[PDB]
Amino acid sequence: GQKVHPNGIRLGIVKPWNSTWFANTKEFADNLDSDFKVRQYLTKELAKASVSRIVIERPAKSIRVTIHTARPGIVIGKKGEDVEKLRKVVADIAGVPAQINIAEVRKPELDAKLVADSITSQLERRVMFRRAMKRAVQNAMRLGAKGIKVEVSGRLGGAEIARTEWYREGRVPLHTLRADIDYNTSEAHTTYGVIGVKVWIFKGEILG
Amino acid sequence: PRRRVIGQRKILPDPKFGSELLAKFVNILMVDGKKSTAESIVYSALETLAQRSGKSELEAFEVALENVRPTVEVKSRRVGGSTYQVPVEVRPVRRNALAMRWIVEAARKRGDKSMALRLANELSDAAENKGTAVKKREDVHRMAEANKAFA
Amino acid sequence: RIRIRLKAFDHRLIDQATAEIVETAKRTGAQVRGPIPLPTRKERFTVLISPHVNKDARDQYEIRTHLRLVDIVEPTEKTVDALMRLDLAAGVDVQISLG
Amino acid sequence: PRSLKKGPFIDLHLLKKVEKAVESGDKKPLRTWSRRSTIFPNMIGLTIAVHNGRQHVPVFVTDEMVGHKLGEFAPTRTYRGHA
Amino acid sequence: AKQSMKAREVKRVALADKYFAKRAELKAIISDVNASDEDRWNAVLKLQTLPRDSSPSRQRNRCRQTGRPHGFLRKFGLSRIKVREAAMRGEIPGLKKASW
Amino acid sequence: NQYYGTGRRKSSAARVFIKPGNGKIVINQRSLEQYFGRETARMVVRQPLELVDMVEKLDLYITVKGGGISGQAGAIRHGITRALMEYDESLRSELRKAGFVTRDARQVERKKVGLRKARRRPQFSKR
Amino acid sequence: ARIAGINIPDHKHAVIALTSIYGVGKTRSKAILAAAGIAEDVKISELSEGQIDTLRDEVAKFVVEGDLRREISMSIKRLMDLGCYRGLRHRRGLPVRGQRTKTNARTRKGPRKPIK
RNA sequence: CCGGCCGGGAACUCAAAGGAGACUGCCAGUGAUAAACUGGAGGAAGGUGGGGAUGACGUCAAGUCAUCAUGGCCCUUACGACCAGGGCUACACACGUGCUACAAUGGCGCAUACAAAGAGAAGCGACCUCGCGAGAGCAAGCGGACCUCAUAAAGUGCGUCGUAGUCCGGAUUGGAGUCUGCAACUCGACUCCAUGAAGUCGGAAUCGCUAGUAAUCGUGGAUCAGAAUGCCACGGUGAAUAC
Ligand SMILES: [Mg+2]
Ligand SMILES: [Mg+2]
Ligand SMILES: [Mg+2]
Ligand SMILES: [Mg+2]
Ligand SMILES: [Mg+2]
Ligand SMILES: [Mg+2]
Ligand SMILES: [Mg+2]
Ligand SMILES: [Mg+2]
Ligand SMILES: [Mg+2]
Ligand SMILES: [Mg+2]
Ligand SMILES: [Mg+2]
Ligand SMILES: [Mg+2]
Ligand SMILES: [Mg+2]
Ligand SMILES: [Mg+2]
Ligand SMILES: [Mg+2]
Ligand SMILES: [Mg+2]
Ligand SMILES: [Mg+2]
Ligand SMILES: [Mg+2]
Ligand SMILES: [Mg+2]
Ligand SMILES: [Mg+2]
Ligand SMILES: [Mg+2]
Ligand SMILES: [Mg+2]
Ligand SMILES: [Mg+2]
Ligand SMILES: [Mg+2]
């Protein structure tokens, strides 16, 4: 249990929080329950859409969600249709006048949430695992990445002894606190067990 | 320590006499952190300690400290068969710090009603060359001359 | 006098709101008393990081809360009501008062 | 002990059971799971078999059992010794 | 935990919210010193007929995402494991690692 | 017309005012003998005073808060030396060799996780 | 210096030497002498002969040496023969006030019995 | 009204935002013109200033299927579900971690100085009024540098007890209580009074600690209706020693 989660040690430094809201100690947990469910249904609904960073920002008795995604073209659907069809079940859970805005994420190969979801859906459909690793390791370096490291963990190929394997290209610092470390994790549910994916992506060092 | 050396930190002189060594007998006498109830047994030591002697208050303690200063001690080299107890010339600071440790030690072990009365029956006799702190200087100086063969 | 408190978790977004709330009534009013800081609560925590049995392996967390003060001594007719229509950023609850 | 401005504690059902016992006048063993009820002086001279987690063991209330509770006469563990 | 331990908890919050003003009245009849024992014998036998899940000291705090009855924190509603996981992503504003 | 000093210690901080006069001493509205019950604590506020020749030139007026017996007494000492230099600028060299113009920054070490104190680990036993 | 059917010590003070009675402590003996009117730091010797007389009229109202050893032996033997939980613990040498008997029951059981 | 409370004042403390500073940089000297190291003028700080967080590749088929998730297998009028009482608190006994002790550097009584960090709405709960006391009554004050929790204790001044199983130690049981709580028998904490064990510094063996450390003495907090000698956090006092 050796490595810290690289996002949490970077939250005051070069990384933002996904939820920027105030409360007192009275209604903090009721907002935290409110924030979890509205991210939970937006995951199940937009699991065919490329949503990466749901941001719950709720100022003064209304909730606002910026959906970070590789495409609005399925997230909007028709122009002003699925932005509104999902809103009426977002104002069900929270209990405030909702506003699901959208900010688009260009360059989908440089996202540790999407690389987690572009390897897992190939592991889900029985590809050779060692090929699927090498697409992500090679595609980021064409798109201008200073370093990548992918890792599949647990019962690879179907055999009975589990193991863990990984690859690396470029440079990924972790002890440097000012490193632009994109990092997330997925879950592969196959017929022999669970496989887990971890991806590190370094962009540069955001100066202070 | 294996690598390096530190020297000493500063030890604050007293309000009473203007001595470095008056702060150094209260520090060996202090137990459990109490400099308040230790510096006052020392102040109630030197009153009856110059009274029987008839000297100055500080100078009577410095003569009782003399008859218990160690001059040869045996340390352990332990490179032969058994432990060799090798006698060494002692540096001038360990002559003093071992002496004050032995005067505090005996005054714990008496049966009088005070601490200052257990103490002043020991710094009186330490200038009079009997007691228990001079038994410790001579039991160290008994082991240091039965090991004079080794160099 | 008119009190305005600000409680905020971020330490620069509350500094970003005080050159927002002064600049609404500095034009309309005068003798604004000023951006007075107050001390900071540091609400700390401790949990366990193992799922079953490791009592010495822990993470210490905290949540810090930031306080300022904006004091308007006497309003004009056009001081508070221009300040009234405004709404500040996220992560802040303002507390306007009189008394 | 329970406070005295509150007064004594008893179940509302066992109070109705003992009253119905004395008013009818039976010596039938009343079985009740109220180890937490304080014995009242109308319960003197009756057989009230209070449960101990496993079965029902009878108690014939004498005089000196007034300010006690019913569980003290129904032992709930069992022990003979180790060897 | 078990589904029958989350659902067992929910009615204890439901039943204790229904009979709140009725269990609180029978305490003040006994919290009154200057009342009659023809009333203070009526309050103490009436509170047994109210349900045991009506008491606010009967329901127990559980982690709101898993239902764990230990490691609880009241500011988050969660156990020690689920606060830690949600912190490292970022959904808990202000909650980072500390050192002094 | 006056002279000021600042001093600090473990959790202590003193406010030293200096006027010329008899050598009058007031410590938290109270006298030198009324405030410090401890003779060692009565000494250490006078430690720059015996170093230089200013036991009679200046009056000194003290309001110290926070800390303890030797905490406030070491706070007052560093502030008087700050005011001995605030007057003269010449005595700074003897006070430096006294070690009086240096704030001894030994602060209390916090309790840490897995430890009973700042450094006392619990009693280990191999079996 | 003879109070309440026992002998009370001579060279101990007023409130201390009365605590030799089975039935008084430091508090209840202050109730004796503040009612009677004697200072508390004099000994029981060199109390006058008009002082030992009235001092037992303060003592006689309390339930003391023989009157107090019997009602404790009546209390514990009353717990024995009802069959209560307390008296079962009084006839089996295992403590009464709820304490752990898996370990640290070394007063009511006596010191350690080796296995034979 | 002799109390920063109250004119007023922005000094000082304190608060918290932004800049400042420390880099072997300037000084001699050793060494290979190197890297470095030794001593120093300065300076609040000197050479990693002090503390933390940060745990590479892998090892132990290390721990957890009972936080959660999950391949497989197994259960289905029961291996699922609801209820009351009982049990998780048992005791010939064995080991690990603690608190309190064996006293005068102390116990009691009386007067009296000195902190830091915290929490608070179904919350904390001034004063007044009773109660031997924990508490109760009436009921202000505060969503809080405002108000309360809150009295720091060790210490110092004075006084006593003068080496006894004691004016040391507090276990243990008898009779009364209070409180939170539908409910204190099993199986809660606390108060008052009566009782007043072992214990007089511990064989072999073994542990922690290099400076604001150890030792010491208080204080808060989280879980929580209640229930800390535990866990985490805070200041006061403050050593010995390293050839
Ligand atoms: Mg770690
Ligand atoms: Mg590093
Ligand atoms: Mg489940
Ligand atoms: Mg509960
Ligand atoms: Mg400490
Ligand atoms: Mg431990
Ligand atoms: Mg061992
Ligand atoms: Mg007695
Ligand atoms: Mg120098
Ligand atoms: Mg230097
Ligand atoms: Mg195994
Ligand atoms: Mg196992
Ligand atoms: Mg299992
Ligand atoms: Mg049950
Ligand atoms: Mg258990
Ligand atoms: Mg053993
Ligand atoms: Mg005692
Ligand atoms: Mg005394
Ligand atoms: Mg009163
Ligand atoms: Mg004995
Ligand atoms: Mg007592
Ligand atoms: Mg003795
Ligand atoms: Mg608490
Ligand atoms: Mg509690």
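Residues numbered from 1 in each chain as written, not as in the entry; some residues may be left out. Chains lettered and ligands numbered in written order. Part of a larger assembly, values for the part shown. Heavy atoms only, no water.

Method-wise, the PDB entry is recorded as coming from cryo-EM, at a reported resolution of 2.96 Å.

The name the PDB entry assigns to chain E is 30S ribosomal protein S14, from the organism Escherichia coli. This structure appears in the PDB under the title "E. coli 70S d2d8 stapled ribosome". As its UniProt record puts it under Function, chain E is described as follows: "Binds 16S rRNA, required for the assembly of 30S particles and may also be responsible for determining the conformation of the 16S rRNA at the A site." The UniProt entry for chain E carries the following text under Sequence similarities: "Belongs to the universal ribosomal protein uS14 family." (UniProt positions renumbered as here; feature names shortened; annotations may be inferred.)

By the naming in the PDB entry, chain C is 30S ribosomal protein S10, taken from Escherichia coli. Word for word, the UniProt comment on chain C under Sequence similarities is "Belongs to the universal ribosomal protein uS10 family."

A.B. asks: How do you make sense of the protein's contact with RNA strand H when you look at a structure like this?
C.D. replies: Near RNA strand H there are 170 residues, and of these B:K113, F:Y4, F:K112, F:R116 and G:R28 occur at the shortest range. Atoms of RNA strand H within 4 Å of the protein belong to the sugar or the phosphate in 76% of instances, the rest to bases. Between RNA strand H and B:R9, the relevant distance is 3.1 Å, taken from a sugar or linking oxygen to a side-chain nitrogen or oxygen of the residue. The separation between a sugar or linking oxygen of RNA strand H and a polar side-chain atom of F:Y4 is 2.3 Å. By residue number, the principal contributor to the surface near RNA strand H is helix α4 (residues 65-82) of chain G, which donates 5 residues. A breakdown of the residues in the surface near RNA strand H according to their chemical character gives 51 nonpolar, 53 polar and 66 charged. (Near = heavy atom within 4 Å. Polar contact = N/O pair within 3.5 Å; in protein donor to acceptor, adjacent residues only side chain to side chain. Helix = DSSP H or I, 4+ residues; strand = E, 2+ residues; numbered from the N terminus. Nonpolar A, V, L, I, M, F, W, Y, C, P; charged D, E, K, R; others polar.)

A.B. asks: Just checking my understanding: could you explain helix α3 (residues 57-64) of chain B for this structure?
C.D. replies: Counting along an α-helix, one turn takes 3.6 residues, and residues three or four places apart therefore face a common direction. Residues and elements named next belong to chain B. All of the buried residues in α3 are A60, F61 and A64. Seen along its axis, α3 keeps its buried residues to an arc of 100 degrees; they face one direction. Those residues of α3 that are buried lie in contact with α1 (22-29) and α2 (36-53). (Buried < 20%, exposed > 50% of the residue type's maximum accessible area, 1.4 Å probe, protein only. Arc of directions from axis to C-beta. Contact = heavy atoms within 4.5 Å.)

A.B. asks: Looking at this model, I keep getting lost on the side chain of A:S186. Mind explaining?
C.D. replies: All names here are of chain A. Mapping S186 onto the fold places it in strand β6 (residues 179-189). A polar contact of 2.9 Å, which involves the side chain of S186, links it to the side chain of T120. Beyond its immediate chain neighbours, meaning those up to four positions away, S186 contacts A116, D117, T120, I195, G196 and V197.

A.B. asks: What's the story with the packing of aromatic side chains in this structure? I'm lost.
C.D. replies: Both the distance between ring centres and the angle between the ring planes are used here to describe each pair of aromatic rings. All told, the structure shown has 12 aromatic pairs over all chains when counted by the stated rule. Look at B:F25 and B:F61: their rings are 5.1 Å apart centre to centre, the planes differ by 55 degrees, and that puts the pair in the tilted class. Placement of the pair is B:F25 in helix α1 and B:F61 in helix α3, with a sequence separation of 36 residues. One exposure class covers both B:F25 and B:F61, and it is buried. Among the aromatic side chains, those forming a connected cluster through ring pairs are A:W21, A:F28, C:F45 and E:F76. It is B:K16 that lies over the ring of B:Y43; its NZ or CZ is 3.2 Å from the centre. Looking at G:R69, its charged tip hangs above the ring of G:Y22, at a distance of 4.1 Å from the centre. (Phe/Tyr/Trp six-rings, centres within 6.5 Å; stacked < 30°, edge-to-face > 60°. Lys NZ or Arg CZ within 6 Å of the ring centre and 35° of its normal.)

A.B. asks: Teacher, can you tell me more about the pairing of strand β4 (residues 147-153) of chain A here?
C.D. replies: Remember that side chains alternate between the two faces of the sheet whenever the strand is regular. Residue and element names in this part refer to chain A. Most of β4 sits out of view: 6 of its 7 residues are buried. Of the strand pairs in this sheet, β4 and strand β5 (residues 164-170) are connected by 7 bridges, and their pairing is antiparallel. Within the sheet, the bridge partner assigned to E151 lies in β5 and is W166. In this sheet, strand β7 (residues 194-205) lies alongside β4 in antiparallel orientation, the contact comprising 7 bridges. Along β7, the bridge assignment pairs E151 with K198. (Pairing = 2+ DSSP bridges.)

A.B. asks: Even after reading the chapter, I still don't get the interface of chain G and chain D, so can you show me in this structure?
C.D. replies: The extent of an interface is frequently quoted as the accessible surface area lost upon association of the parts. With 6 residues of chain G at the interface, the matching set in chain D holds 6 residues. Approximately 620 Å² of surface area, both sides summed, lies buried where chain G meets chain D, with 64% of it carried by carbon and sulfur atoms. Summed over the three residues of chain G that lose the most area to chain D, namely G:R78, G:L82 and G:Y85, the buried surface amounts to 63% of that side. Our enumeration of links across chain G and chain D arrives at 1 salt bridge. With a shortest N-O distance of 2.6 Å, G:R78 and D:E64 are connected by a salt bridge. Remark: the boundary between chain G and chain D carries 2 residue pairs in polar contact. The element contributing the most residues to the side of chain G that touches chain D is α4(G), with 3 residues. Among the residues making up the side of chain G that touches chain D, the classes are represented as 4 nonpolar, 1 polar and 1 charged. (Buried area = accessible area lost by both parts, 1.4 Å probe. Salt bridge = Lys/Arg side-chain N within 4 Å of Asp/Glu carboxyl O.)

A.B. asks: I would appreciate a short explanation of the pattern of salt bridges in the present structure.
C.D. replies: Side chains carrying opposite charge are able to pair once their charged atoms draw close together. Enumeration according to the criterion identifies 45 salt bridges over all chains in this entry. The partner of A:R58 in a salt bridge is A:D35, and the shortest N-O contact between them spans 2.8 Å. Taken together, the residues A:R58 in the loop between β1 (51-57) and β2 (64-69) and A:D35 in helix α1 (residues 28-45) connect sequence positions 23 residues apart. This pair shows no difference in class: A:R58 is buried, exactly as A:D35 is. Taking the shortest distance from any N to any O, the salt bridge between E:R40 and E:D37 comes out at 3.8 Å. For E:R40, a relative accessible area of 11% gives the class buried. With relative accessibility at 58%, the residue E:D37 sits in the exposed group.

A.B. asks: Which parts of the structure should I look at to understand helix α2 (residues 20-31) of chain E?
C.D. replies: All names here are of chain E. Along its 12 residues, α2 runs 16 Å from first to last C-alpha, staying within 8% of the 16 Å computed at 1.5 Å per residue. Those residues of α2 lying buried are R23, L26 and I30. One side of α2 carries all its buried residues, which in axial view fall inside an arc of 60 degrees. Along α2, exposed side chains directed more than 90 degrees from the buried face belong to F20, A21, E25 and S31. Elements that come into contact with the buried residues of α2 comprise α3 (43-46). (Expected span 1.5 Å × (residues − 1).)

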